[PDB]
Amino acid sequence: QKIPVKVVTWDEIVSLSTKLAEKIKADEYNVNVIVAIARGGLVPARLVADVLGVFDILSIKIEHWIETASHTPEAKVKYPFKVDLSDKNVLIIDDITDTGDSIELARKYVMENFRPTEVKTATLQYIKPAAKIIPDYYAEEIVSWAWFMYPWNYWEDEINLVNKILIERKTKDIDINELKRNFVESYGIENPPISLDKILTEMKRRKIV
């Protein structure tokens, strides 16, 4: 209920995606197809593709489930398909390597269903202490876990962060100022990229409040 949060800007996204692409250039891995993990990897994938000169980008949606009693986590490809990717070199891309569960599944899935010559994985960020698996490439190493708010995720992240606060509330009527206070106290954010009243209005429409 008190969470380290880092707001990531577009400029940083560009800077990261570019640095990630540089490593891949320098390693001279010739990428024929990029497989983006949706939704997190879509944006980083397009950027890396721009820098490297990759024209074929495909994507697979990975869901993240938890079993209520056991707290067992299971990553799972939603809407699975197969394509013939032989004689092609695949680069899989995601936003961040946190646990490594998703890039583990993706590599495995891609190798069984797409049948590429080679597969390498790449994420913008990589959390050393938390990652069971290390991606072939990453732009930035994180030695201390935090939640990273990406510029393409601001709405959803803020909705969740706000909700964590509202489910412990004096209740029902929402003082925007108390909320703003709590957001600073809990996450360290004085100035959310999306203003909190816009967030609240949206949570209402999505009837979460």
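Quick note: we count residues from 1 along the sequence shown, nothing fancier.
Asks: Should the higher mean CA B-factor in the entry be assigned to 102-110 or to 82-90?
Replies: Taking the mean C-alpha B-factor of 102-110 and of 82-90, the larger value falls to 82-90.
Asks: So 11-19 or 196-204, which one's hotter by mean CA B-factor in the entry?
Replies: Going by the record's values, the stretch with the higher mean is 196-204.
Asks: Sort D173, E63, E140, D56 by C-alpha B-factor from the entry and give me just the highest.
Replies: Going by the entry's C-alpha B-factors, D173 comes out highest.
Asks: Based on what the PDB entry reports, which of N177, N32, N153, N163 has the top C-alpha B-factor?
Replies: Of the options given, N177 has the highest CA B-factor in the PDB entry.
Asks: Based on the deposited C-alpha B factors for this chain, I'd like to know if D157 is in the lowest, middle or highest third.
Replies: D157: CA B-factor falls in the lowest third of its chain.
Asks: What third of the chain, by the recorded C-alpha B-factor, contains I167?
Replies: CA B-factor rank for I167: highest third.
Asks: Would you mind ranking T72 by its C-alpha B-factor against the rest of the chain and naming the third, lowest, middle or highest?
Replies: Tercile = highest for this residue's CA B-factor.
Asks: Going by the entry, which third of its chain does the Cα temperature factor of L124 land in?
Replies: Its C-alpha B-factor, which the entry lists for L124, ranks in the lowest third among residues of this chain.
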